[PDB]
Amino acid sequence: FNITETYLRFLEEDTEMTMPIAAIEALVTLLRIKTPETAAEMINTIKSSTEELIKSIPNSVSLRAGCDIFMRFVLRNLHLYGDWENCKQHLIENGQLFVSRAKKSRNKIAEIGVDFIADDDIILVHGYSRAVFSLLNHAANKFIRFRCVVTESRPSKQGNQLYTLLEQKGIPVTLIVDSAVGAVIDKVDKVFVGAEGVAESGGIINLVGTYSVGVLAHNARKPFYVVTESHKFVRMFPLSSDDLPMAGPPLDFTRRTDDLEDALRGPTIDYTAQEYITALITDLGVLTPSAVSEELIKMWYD
Amino acid sequence: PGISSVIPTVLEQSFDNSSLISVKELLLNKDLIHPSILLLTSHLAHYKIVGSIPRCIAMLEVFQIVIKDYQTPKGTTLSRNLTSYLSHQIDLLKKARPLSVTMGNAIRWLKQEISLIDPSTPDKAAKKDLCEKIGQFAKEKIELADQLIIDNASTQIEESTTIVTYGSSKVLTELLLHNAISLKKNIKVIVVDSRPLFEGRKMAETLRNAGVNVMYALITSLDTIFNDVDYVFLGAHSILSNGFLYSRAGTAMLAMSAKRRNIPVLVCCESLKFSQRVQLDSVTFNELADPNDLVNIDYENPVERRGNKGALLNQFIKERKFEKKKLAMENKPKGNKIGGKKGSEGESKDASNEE
Amino acid sequence: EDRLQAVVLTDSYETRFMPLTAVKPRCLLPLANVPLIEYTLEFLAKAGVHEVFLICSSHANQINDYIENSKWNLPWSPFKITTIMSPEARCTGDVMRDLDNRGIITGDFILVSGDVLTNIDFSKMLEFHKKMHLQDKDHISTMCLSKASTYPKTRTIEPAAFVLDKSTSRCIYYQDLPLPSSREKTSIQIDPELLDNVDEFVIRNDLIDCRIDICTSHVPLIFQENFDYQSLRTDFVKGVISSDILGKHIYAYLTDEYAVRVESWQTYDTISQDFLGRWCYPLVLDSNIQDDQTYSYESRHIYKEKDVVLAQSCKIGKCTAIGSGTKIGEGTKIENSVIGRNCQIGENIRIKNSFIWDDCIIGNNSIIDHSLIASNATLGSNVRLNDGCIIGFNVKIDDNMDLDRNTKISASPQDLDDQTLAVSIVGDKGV
Amino acid sequence: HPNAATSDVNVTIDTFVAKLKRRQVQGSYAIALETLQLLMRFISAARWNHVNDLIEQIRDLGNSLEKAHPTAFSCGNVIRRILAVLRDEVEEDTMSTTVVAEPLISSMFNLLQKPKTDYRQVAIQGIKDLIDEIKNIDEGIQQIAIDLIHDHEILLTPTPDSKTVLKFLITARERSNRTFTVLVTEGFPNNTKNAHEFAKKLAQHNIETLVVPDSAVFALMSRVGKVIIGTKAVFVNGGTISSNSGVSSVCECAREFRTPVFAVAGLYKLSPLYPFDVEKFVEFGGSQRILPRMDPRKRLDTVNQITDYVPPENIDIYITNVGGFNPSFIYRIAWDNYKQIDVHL
Amino acid sequence: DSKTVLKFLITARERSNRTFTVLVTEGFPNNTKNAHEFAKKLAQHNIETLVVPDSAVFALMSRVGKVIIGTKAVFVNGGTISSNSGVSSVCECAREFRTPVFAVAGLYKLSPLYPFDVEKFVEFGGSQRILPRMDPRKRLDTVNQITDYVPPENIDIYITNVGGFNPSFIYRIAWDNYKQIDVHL
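Chains as they are written, first to last, in full-length UniProt numbering: chain A, 4 to 305; chain B, 237 to 257, 259 to 464, 466 to 593; chain C, 24 to 436, 455 to 472; chain D, 10 to 108, 113 to 128, 147 to 376; chain E, 192 to 376.
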C-alpha cells in the first residue's frame, strides 16, 4: 500500500497542510487496513515501515519526528483499560482529526501570535516555512505598515520563489546578500526564522546559512526568533558546532579536479546554539524558555 | 565525649564560613561506637582517589554492613537510641569531611525507610527485607543508570576522534575504557591533572593498564596543546536549583578555553544528584581543606625536600589558601548525559519534583 | 681543578653490533642522521676538556679524514685532536699499556669508554671527585650511575646488581646475570671481606651503565703493574674490592636524572627516542651543533630541517623527525619513526616505531615496523618487515620480499643469511 | 659566511655560542650585557678602511648570532640598536662628503626617488648609551605605575619570573596610605619555585599575599581588578613573549571577564621583527620534570613548554622607561630605535 | 519602594556581622522621595547609606558586588516591569561588566502574559514634574517614562517564598499555578 507512494502523491499542489501531518495521515491509512486490534502484528510492522521510510529519504528530516509523535500518541491511547474495539476506532479517527487540527493551529498562530511585527519593525527573514508566510499574509489585511527584508536563498533559487509569493500581496521588498550580512543590521529591527526542526539541545536545525546570522544577531543584540507550527521536536542532539544527522557531506574537500566540476557541495544545512532563541512561536501557547525539552521529557517520561 | 580546638596555620581573611579543620590522630571518644564508620571517615579524610561517584556507594555499603551487624536491644525497641547513634555518625562525618549532596540524599532515603516500617516488628524478618530492598535500589538507580549513560556515550561518537580530559570521574574512566576496548575506534586521549588531589595521574595509570595512546599535561599547559583536536569531556559532582555546574576544581577554565577555541564541551550526570539548596557562587559553601595539599615540590607525592618552603604558623603575614569545589558558568557546557539520554542543563530541576 | 685531558675509548665494541662494523669505523656512523662522535665531543667540552685523544684502530684513515674535516681541527679549539694509531686488535689492558708507553698522562686524567651523550652538569661531579680525593691519599677513580625505570626488564647483557653505600657511596659487589633471558642461574652472592666495617649494606640492581671515568695518576701505573686486568668492570672493580692494593677508595656517583651509555640496538633505539623527546634536560638538534645542519623545532615533538618537504594529507601519530633534502609523496600513515637526510618516500606507506638512516628509499606500498634500514640500503616495492629486522650497508631489497622477526642482514661486501646483492633471502642470490 | 676571518682578531664568539647553547647564560638582561661586551670587543679591535663593507660585516655577524640562538632576543635587539646608531651618523657624514626636505622625522617618499670620518667614537658612545638604558627601566616606570592601582582593589599576578615586575609591585606597595590584596597563580612545570619565592618576598614586605592553585582562578574572578604579565620580549604588532608558563589562560579569562590587562617590560626587550609564528620562537621544556619512570614512559609521551606567547588583542598598555604606550603604537617606538634596512640581515 | 524588599533588607541587616554596603539611586521622576524614605529607614536600623545619581553607574559598577531589585510585574521569557526609573541602563551596564542580579519576587506578582514589544508595555510619565512654565514647550519635546521594562538577558535569580528561580525557566513556575486557557479572556 505504501507511505512512500502517498508522500509522492502530493508535491505540485501542497502549500496548505503541514508535511508532518500528511505523513501522519499516510501512516494512519497504512495502519487501518491490517487490523489494529493486535499489538504484535502491528507496532513492529509500523516500526519497520518507518525504518524503510528513513532509509529511502533523499533530504528530509521531520518525517521521523512525525512518526515518533504518532507512536507516542498510540502508546497514550491504550491506557484506559476498557476494550480493544473502541480504542482502536478512536485511534483510527485520530489521523484525519490530527490533519484537521493543523489548520486550527495555524489559525490560532495567525490571529493571536502575530503581534511581533506592528510598529513597522522591518523583518529580516530566512527559512521558508508555511506558518511564517501564513502569519505575514494574515497581517496584510490589517495594514499595520509592515516591511519585508529577504536574505537570498541559494540551494537552487528558492529565493526567487519566495519573492514571488510576496508579490501577490503587493508589498515593497529588497534582495539581500549573505556576505554583506555584517553590512545591514541597522534599519532592520529583528531577525525571524523558518526551519526544519527544533533540537533536544534547544537550538535550530535549519538550512544554507543560519549560524552566521545568529552570531550577528547576538553581536547586535537585535533579538533572534523562530516561528513554526509546533511538532518538530525530533529526538536528536547536535552536541558539536559542526555535527548533525546530515543528508549530504559535511564540508567535502574535493580532489584536484579540472574544468569547474566538483564544488557546489556548499553546506545547505546549519545550526546555532540554545542561547539564541529570544522567543519561539508555537500553537501550544507562546512558550520558549526551556519548553521543547520539557515537552520531550513529558513525552518520554524522562 | 569528643575533641575540639587546636587548629593548624593562619585563618587568612576571605572565604571564612565552612568547616576545614579536629581528629586526624585519635585521642579518647564515646563508648558504644561501631568502628567501621570511624575507619571510613579516616579513609575519606586522607583520600586521593575518590571523586563524587564512589563515595555515596561506599557509604551505602557501610550502612548495609551496619544493618547486617545490627542487634536490637532486649529492653527498648529497634529505633530508640539508633537515631542518636546515626546523628553522632553524621557529626563525625561532618567533622572529618562534609556531607555531599548524594550523601544528603542517602540520609533522606534512610529516614524515609525508618518511617516506612514503624516500631512493632522483631529482628531477623524486618532487616532481612530491608537489606534486600536497599540492594535492589542500589542496583536500580545507580549501576543501571551508569550503564545507560555509557551506552548513550557509545553512540555519541561518530567517526575520527581526538579528545582532552580531566577528573576522577569513575564513569568517565569506564567510558574511555569502553571506547578503547569494546568499540575499537580511533580514540585519542589527552589528560589534564590537578595539584589538590591527583586524579589525572590515576586516570593516566588506568589508561596505561589498557595500553592507550595517551598525551599528558596540566591546567596551565594548554595554549600549545591545540596546535584536528575536537572533543572535550568533564565530570561534574552535583547540580543545584539553578542549573549551574557545582562541581570539583579545575573545570571552568578548561571549559572557557574550549569555548574560545571553537569546539564545545560535554559533561555527564546522575538522576539523584540534584538539589533544592540554592547557591550561585563558590563562597556560599565549599569543600575547604588543610593547606598541606600544597607543601610537596612537584614530580610525585611522597618525596619531602628541604628546599625553600616548609612553614605556616611562623610565617608572619602570609595567607596560603586553596579551594576544592567550584561553580562553573551555566551557558558554557553544552550537552549533559543523565537517565533520559540527552538534554540542556537549562532543565535544572526538571527531575527534582519528579523525585 | 682546571687543565684536564681527554682520552676516549673508540674502535672498541665492534661486532657487538653483529651485522654492522665491517667496512667503516664504529663511531663514525650517524645516530640521529648525524655522527655519534660529535655528541660525545660536545659532552666532553661541557665537562671541561683541554686536549683530545682517541684510540683509532678499526679503520684509521677514514677516522683521520673525519678529524681533518672536523671543527676541533682548526686553531680556534681549546683542544686539538691527535689520534693514537697502534697495531690492530688489543684489549683495554693492552691499550692502557700502549698509552703508558707514550706517556702524556697527568693528574685527574679522563677516560670514557664507548660513546655517551647525557645532560647532568659535570662541574659538580668534578668538585665532588676533588673533595673526596682530598680526604684520603689512596683514592682512585669515578663511576657514574643513575636511578632506573622503577623495575628492570630490558636489561640482560649488563644488569649489574650493586650492593652500595650511602655514607661513602662505595661499591661492594659486581655480578652479571642472564636472569630475564636465560633462566639457568637465578642467583645472588655476597662476599664477606667488607662486612664488619660498613654496616649500612644496601642491596640493589636498579642502576644503569654509563662507562665514564675520572681517573687519578694511580690508574695507568696500576694497569701496568697488574697485567691480568685486560678488562675494567668485571675484573678490575672486583680486584679493587678484594684489596689487591690494600686500603684504596673508589667512587659511585648517584644521580636522580637520566644517564645511559651506548650498548646494543634496541637500547640504541631507546636512546634515540629519548633524545627526540624531552628526556635529557636540554639536548637538541634544532639548536644545531655541526654548523652545516639546519634543524628546527615543531609541535608535538616533531623535528624538521631546512630543505625538508612532506606533501599534503599524511596523518601522523606521535613524534616524527626528518632530515634535509627529503621528498615524501602522499597518503602515508606514520607513527614514531625517523626518516633521514635526502631520503625519498614514494606513495602509500604504513610505518610504526621504526628507524631510517642516511639516504634511504622507502619504496611504493611498503610497511616498516620497529626495524632498521642503514645508509644507501634501499627498500623497493612491497616489503613487509617486522620487529627489529636489522639491515646493513648497501643492502638492495629489490622487488617483493617478506622478512620475519629479528632477521639480521649482513653489511660488508657472511655468517648470517640475507646479503648485499639483489633480493634478500627467500630465493637465493649473492656471492 | 663562517668564522674564517674572526680568529686571532676576535675570540669570544665561541664562548658566546657555548653560553647560549648549554644555558650558562641566564636572564635576558645578562644576554644583552654579553652582547654589548661582544660589540665593544669588535669595535676596539677590527680593521675597517671602508664603511658599507663594515656595515655588511656587522649584519653578517648579527645573522650568525641569530643562527646560533633565536630565543635570545635582547642580544639581537641591542645589535640592531647599535646598527641604527651607526647608520644615522653615516647618513650625516654622507651629506658633508657630498658637499634635503621631509614633512616629519622619516619618509616613505624618500625610498622611491634617487638619493674618512670619526664614526668609531660615536659607535663606542652608542654602546655606552645602550648600557645606560639597560641599567634602569624601573626608575622610569614607577611614575606611570604607582598611579593605576588604588585602595581596596584586588590584583591578579601571573609570571613572577621577570625581575622587573616584582620591583614594580614592591614600589607600589611601599606607600603607607595605599592598600591592595594580591592573588598569585602558581605556574606548575616551569614556574612553581619562582612563584613561591615571590610569595615569600611579598610576605616579607608586610603585605596580604594569596597563594593560588592554577585551577582555582575561576572561584575568585568576581573580585578581580587588574592583570599583570611578566613578559620577556615584545614584538611588532604589539604582542609579547613571556618568561614561561601560566599566563595565557589567565589572560584569556581576564579578557572574558573584561578585567584590565597591563604589560610591564622595557625597550631593550623590544624587537624589530614579527612573530609570524609561536612555533619558531617559543621553545619547550623537559618531559622528565613531570613524571618518574622510563620504560613505561616511552608510552607516556607528555607535553610541556617553557615560554608563552600572547596575542596582541588581550593586552592594552605597555608602560615603559619612556612612558605609557599601546599595542597599536609600540611599532613606532621600535622604529625610533632601529632603522628601516636593519630589519633584515 | 515596597514594604517587602525593605523587610528583606532588614532581616539581612539584623545579622549585622554579614557585611554589606548599600548604594541607592534616587530615581529622577517619581522614585526620589521614596528613595529618600528608604535611605532614612536604613539609617534608622544602622545600615550604611550611599546616595547615587542615575548618570553615575558606569563609574560604580566595577566595584558593585550584588544587585537586588523589588519589581512590580514578572513575565514570560524572564524579564520584569519594575516600579519606575533607571533600570534598563543599569541592567545593560551589569551585562557589560558581568554583575549578579537578584530580584525579590512573588508568584501572584508574576504574570503569564508575554511581552513582545516596547511599543506597548512600557508606561510613560508626566512632564509636570520636569520643568515649570509651558511657553518653551512650543518648540522642544520632553520625553519621560515612569515604569520601565527589562529584557531577561540580564537578571539571573527570583528569590520567592518557594525559592530562587532561573528567568529562562520561570514559565514552568507560573504554569504550576496558571493555564494557557485563562490568558486571552
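Backbone N, C-alpha and C fix where the C-beta goes; we use that ideal spot for every residue, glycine too.
Quick check: the Cα distance between residue i and residue j, rounded to an integer number of angstroms?
i: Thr44/D; j: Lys225/A; result: 58 Å
i: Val135/C; j: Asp236/C; result: 6 Å
i: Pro343/D; j: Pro358/D; result: 6 Å
i: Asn62/A; j: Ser159/A; result: 14 Å
i: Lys147/D; j: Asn58/D; result: 8 Å
i: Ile24/A; j: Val309/D; result: 57 Å
Nearest by alpha-carbon distance to residue i: which of the options is it?
i: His183/D; options: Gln174/D, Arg209/D, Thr202/D, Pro191/D; result: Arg209/D
i: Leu462/C; options: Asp456/C, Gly468/C, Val418/C; result: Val418/C
i: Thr339/B; options: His271/B, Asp460/B, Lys511/B, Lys285/B; result: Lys511/B
i: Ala223/A; options: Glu203/A, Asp189/A, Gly205/A, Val229/A; result: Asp189/A
i: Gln319/E; options: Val334/E, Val281/E, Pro303/E, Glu344/E; result: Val334/E
i: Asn19/D; options: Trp99/C, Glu24/C, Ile86/C, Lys94/C; result: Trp99/C
i: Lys271/C; options: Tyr320/C, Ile414/C, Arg284/C, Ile195/C; result: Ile195/C
i: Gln171/A; options: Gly251/A, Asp265/A, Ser137/A; result: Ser137/A
i: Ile357/C; options: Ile379/C, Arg364/C, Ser347/C, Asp219/C; result: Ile379/C
i: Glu314/D; options: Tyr320/C, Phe298/C, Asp199/C; result: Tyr320/C
i: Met121/D; options: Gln371/D, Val60/D, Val341/D; result: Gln371/D
i: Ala397/C; options: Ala29/C, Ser204/C, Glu74/C, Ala55/C; result: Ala55/C
i: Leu306/C; options: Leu457/C, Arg49/C, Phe66/C; result: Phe66/C
For a contact meaning CB atoms closer than 9 Å, what does residue i contact in chain E?
i: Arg89/D; result: The premise fails here: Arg89/D is roughly 41 Å from chain E at the closest Cβ pair, so nothing lies under 9 Å.
Applying a beta-carbon distance threshold of less than 9 Å, which residues of chain D neighbour residue i?
i: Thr399/B; result: Going along chain D, no residue has its Cβ under 9 Å from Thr399/B, so there is no contact; the nearest lies around 13 Å.
Distance cutoff 9 Å, beta carbons only. Does residue i sit that close to anything in chain C?
i: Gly316/D; result: yes
i: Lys311/D; result: yes
i: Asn58/D; result: no
Taking residue i as the query, report the chain E residues whose CB atoms sit under 8 Å from its CB, ordered along the chain.
i: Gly217/A; result: Going along chain E, no residue has its Cβ under 8 Å from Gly217/A, so there is no contact; the nearest lies around 15 Å.
i: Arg286/D; result: Near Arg286/D there are no residues of chain E at all, since even the closest Cβ is about 12 Å away, more than 8 Å.
Please confirm if residue i has its CB atom under 9 Å from at least one CB of chain B.
i: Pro342/E; result: no
i: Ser274/D; result: no
Check the Cβ of residue i against every Cβ in chain B and list those closer than 7 Å, keeping chain order.
i: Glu203/A; result: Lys580, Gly581
i: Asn357/E; result: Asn480, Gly481, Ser586
i: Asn345/D; result: The contacting residues do not exist; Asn345/D stays about 11 Å from chain B at best.
At least one CB of chain E closer than 9 Å to the CB of residue i: is that the case?
i: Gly256/D; result: yes
i: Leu518/B; result: yes
What does residue i reach in chain B if we use C-beta pairs closer than 8 Å?
i: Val334/D; result: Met452, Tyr453, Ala454, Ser458, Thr461, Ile462
Report yes or no: is there a C-beta of chain D within less than 9 Å of the C-beta of residue i?
i: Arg289/E; result: yes
i: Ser280/E; result: no
Report yes or no: do the region 34–49 of chain A and the region 91–101 of chain A share at least 3 C-beta pairs separated by less than 8 Å? When C-beta atoms of the region 34–49 of chain A are compared with those of the region 91–101 of chain A, three or more pairs fall below 8 Å, so the two segments count as touching.
Using a Cβ distance threshold of 8 Å, determine whether the region 185–195 of chain C contacts the region 220–233 of chain C, with at least three qualifying pairs required. Because the criterion of three Cβ pairs below 8 Å is met, the region 185–195 of chain C and the region 220–233 of chain C touch.
At least 3 beta-carbon pairs within less than 8 Å: the region 270–277 of chain D vs the region 213–222 of chain D: With the cut-off at 8 Å, the region 270–277 of chain D and the region 213–222 of chain D touch.
Would you call the region 353–362 of chain E and the region 264–276 of chain A touching, i.e. three or more CB-CB distances under 8 Å? The region 353–362 of chain E and the region 264–276 of chain A do not touch, with fewer than 3 CB-CB distances between them shorter than 8 Å.
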